[PDB]
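> Opening piece of the complex, as it sits:
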Amino acid sequence: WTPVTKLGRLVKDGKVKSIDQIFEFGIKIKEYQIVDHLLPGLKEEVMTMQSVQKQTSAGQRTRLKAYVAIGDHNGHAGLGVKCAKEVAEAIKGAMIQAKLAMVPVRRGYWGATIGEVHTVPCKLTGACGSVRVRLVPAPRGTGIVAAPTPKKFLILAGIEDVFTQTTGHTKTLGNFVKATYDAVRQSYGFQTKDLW
Amino acid sequence: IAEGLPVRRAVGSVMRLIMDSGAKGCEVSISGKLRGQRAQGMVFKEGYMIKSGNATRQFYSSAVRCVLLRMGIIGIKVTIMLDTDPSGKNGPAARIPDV
Amino acid sequence: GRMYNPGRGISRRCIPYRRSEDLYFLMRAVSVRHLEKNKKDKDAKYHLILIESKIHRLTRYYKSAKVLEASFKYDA
């Protein structure tokens, strides 16, 4: 409601129909309400809660930082991080940033061109910090063979069969999901043969 | 609070109710043994609220309450920032009309 | 680059694009063995070891080319 950006007006006035058109031309989603219209019924998921502390001359200003990841199971996913004093706003403020940080996830087959698309098209690794997560195409049988923390994310992104190998300090959930999210962020940047 | 509702919700509703009733700002303070044996205290605020000056006498609406719980006593203080309806303009204000 | 000193020169002759001893010259080892008069010249003693191994490197190769009979041995 009441947009202020050029893209926000067109989506409100029903001039843009599909979200992928915005992604196709590199346009930047500057408002979260845009995602609330193009992709209704977005599943919500909050991976974990971390309390960060800043030491001051009087005490320790404890604040809560929330990581959430949203996206329908059809092939769209995002992740945002926000910290504030109150736990209620930390999830609420993470709703906006996760919506602003959605990226299109490309999926393909493993051995044969049989409907429908289930797994990643090729091998990608998330260029996170010390954590490096590698995604491998998987046959129709095995599900998401992954740790519980990225398994929650990969369900939202829509992938149903994948193989993962985790390297680094995986106990850090802040970088575990951001390694997978960065792995799926570049899914469309890898130029395969069919995209020539 | 006597009903057992959490401070994060029961106070928030009232603290929202005053907000849309034309009040510039509100201050709610809760202290006691709400969480554990060790005492705690939280102060909620919305909007604009000045604290120093004579205007704190002609613009405040304060009230102090104490609610006895199963474990101890909890103190509640509510201060409301009034608006221009209690006629009288604040110190710093220009509001220059334009022709 | 050079075998022993870490210097990397690329100066060369360039035979143009148209078609129209080394062992003996290293026996420098004799000239250094100057060593008798200056027995404390530890820098010439080290440089003589490099030259001695250079000759002991062409000897090992020239023998496999049958240029020198396998009885060749370098002694001062």
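Perfect, I can see it now. Numbering: from 1, shown residues only, chains lettered A, B, ... in the order given.

> What's the local residue count around the spatially closest residue to residue A:185 that is not a sequence neighbour?
Spatially, and ignoring its direct neighbours in sequence, residue A:185 is nearest to residue A:103 (4.7 Å; Cβ to Cβ, 6 or more residues apart in numbering or on different chains). The way it works is simple: take the backbone N, C-alpha and C, and place the C-beta from them, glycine included. Residues near residue A:103, counting by other Cβ atoms under 10 Å in any protein chain shown, number 18.

> Contacts only, for residue A:103.
A:23, A:76-78, A:181, A:184-185 (Cβ atoms under 8 Å, 6 or more residues apart in numbering or on different chains).

> what's the spacing between the residue nearest to the spatial centre of chain B and residue B:75?
For chain B, residue B:27 is the residue whose C-alpha lies nearest the centre (Cα atoms, centre = their mean; 2.1 Å). According to Cβ to Cβ, to the nearest Å, residue B:27 and residue B:75 sit 13 Å apart.

> Spell out which residues are contacts of both of the two.
Common neighbours of residue B:27 and residue B:75 (Cβ under 8 Å, 6+ apart) do not exist.

> what's the most distant pair in the contacts of residue A:103?
A:23 and A:181 (15.3 Å; Cβ to Cβ).

> What's the biggest helix in chain B, counting residues?
helix B:7-17 (DSSP state H).

> residues in contact with that one?
When contacts are defined by Cβ under 8 Å, 6+ apart, helix B:7-17 is touched by residues A:86, A:88, B:1, B:3, B:26, B:28, B:30, B:34, B:42, B:44, B:46.

> Show me where the chain has its helices.
No chain specified, so I'll use chain A. Under DSSP H, chain A gives helices at A:6-12, A:19-24, A:35-38, A:87-100, A:148-157, A:173-185.

> oops, chain C please
Using DSSP H, helices in chain C cover C:22-25, C:29-32, C:42-64.

> Looking at those helices, which is nearest to residue B:86?
Across the helices of chain C, closest to residue B:86 is helix C:42-64 (Cβ to Cβ), at 100.0 Å.

> Include this sequence as chain D:
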Amino acid sequence: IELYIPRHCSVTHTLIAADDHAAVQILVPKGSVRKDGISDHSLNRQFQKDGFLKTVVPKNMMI
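The block that follows adds chain D to the chains above:
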């Protein structure tokens, strides 16, 4: 099976990333390339091929 057919850079013939915000699109009637000063010269190799420029880039640089 494809969400969208991705764009392509007309200077280096490689795919345009989904979130490469430094990319442009010039209509006359990639991000990493722009941030090195090559976008000015690389376009000249591309403008002169279609003829919008006549004698700006020497013939020994046009590949």
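
> Revisit the neighbour count of residue A:103 given that chain D is now included?
Residues near residue A:103, counting by other Cβ under 10 Å: 21.

> just residue C:16 next, same as before
6.

> State the number of residues packed around residue D:45.
Neighbour tally, residue D:45, other Cβ under 10 Å: 16.

> Repeat that for residue D:42.
Neighbours of residue D:42 (other Cβ under 10 Å): 18.

> Not counting its own residues, what contacts the one helix or strand it maps to?
Assigning secondary structure by DSSP states H and E places residue D:42 in helix D:38-50. For helix D:38-50, contacts defined as Cβ under 8 Å, 6+ apart pick out D:10-12, D:24, D:26, D:33, D:53-54, D:56-57, D:61-63.

> For residue C:19, state which of those is nearest.
Distances from residue C:19 to the contacts of helix D:38-50, taken by Cβ to Cβ, are shortest for residue D:63, at 33.7 Å.

> Who are the contact partners of the closest one?
residue D:45.

> swap in residue B:29?
Residue B:29 neighbours (Cβ under 8 Å, 6+ apart): B:41-44, B:75-78.

> So it belongs to a strand, correct?
Yes - counting by DSSP: H, G, I helix; E, B strand; the rest coil, residue B:29 is part of a strand.

> rewinding a little: most neighbours, which of the contacts of helix D:38-50?
residue D:33 (18 neighbours).

> Helix, strand or coil: sort out that residue for me.
Residue D:33 - assigned by three-state DSSP - is helix.

> isn't it right next to residue D:12, touching?
Yes - Residue D:33 lies in contact with residue D:12 (Cβ atoms under 8 Å); the separation is 6.3 Å.

> on that earlier part again, can you select the buried ones from the contacts of residue B:29 in PyMOL?
Selection of buried members from the contacts of residue B:29 for PyMOL, criterion 16 or more other Cβ atoms under 10 Å in any protein chain shown:
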select buried, chain B and resi 44+76+78
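
> so how far is residue C:2 from residue C:14?
For residue C:14, the distance to residue C:2 - Cβ to Cβ - is 20 Å.

> here's chain E, drop it onto the model above:
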Amino acid sequence: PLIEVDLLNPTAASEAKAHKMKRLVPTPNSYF
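So that you can see how it sits with the rest, here is chain E on the chains above:
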């Protein structure tokens, strides 16, 4: 260099400035 140039055919001026071994076809700088 960053400014790519044609190297399969080099300019006559740029050939005479390069090192004699670094040309497309190394040629001597000597006469006679």
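
> mind redoing the neighbour count of residue C:16 now chain E's in there?
11.

> Check residue A:178 too.
The burial count for residue A:178: 23, using other Cβ under 10 Å.

> again, but for residue B:96
By other Cβ under 10 Å, neighbour count at residue B:96 equals 4.

> got it, and residue B:15?
Neighbours of residue B:15 (other Cβ under 10 Å): 16.

> Give the full set of residues in contact with the residue nearest the centre of chain E.
The centroid of chain E falls nearest to residue E:15 when counting by Cα atoms, centre = their mean (2.9 Å). Contacts for residue E:15 (Cβ under 8 Å, 6+ apart) come out as E:23-24.

> From chain E, how far out is residue A:73?
Residue A:73 is 45 Å from chain E, where distance means Cβ to the nearest Cβ, to the nearest Å.

> For that residue, which non-adjacent residue is spatially closest?
residue A:158 (4.8 Å).

> So the closest residue to chain A within chain B versus residue B:20, what's the distance?
Taking Cβ to the nearest Cβ as the measure, the point where chain B comes nearest chain A is residue B:8, at 6.9 Å. With distances taken as Cβ to Cβ, residue B:8 is found 19 Å from residue B:20.

> How about residue A:176?
42 Å.

> neighbour-wise, which of these two wins?
residue A:176 (26 against 7).

> any idea how far residue D:8 is from the closest residue to the more buried one other than its chain neighbours?
In this structure, residue A:176 finds its nearest non-sequential neighbour in residue A:149, 4.9 Å apart by Cβ to Cβ, 6+ apart. Distance check for residue A:149 against residue D:8: by Cβ to Cβ, it reads 36 Å.

> show me the contacts for the closest residue to residue D:37 other than its chain neighbours.
Spatial nearest neighbour of residue D:37, excluding adjacent residues (Cβ to Cβ, 6+ apart): residue E:2 at 7.4 Å. Counting by Cβ under 8 Å, 6+ apart, residue E:2 makes contact with D:36-38.
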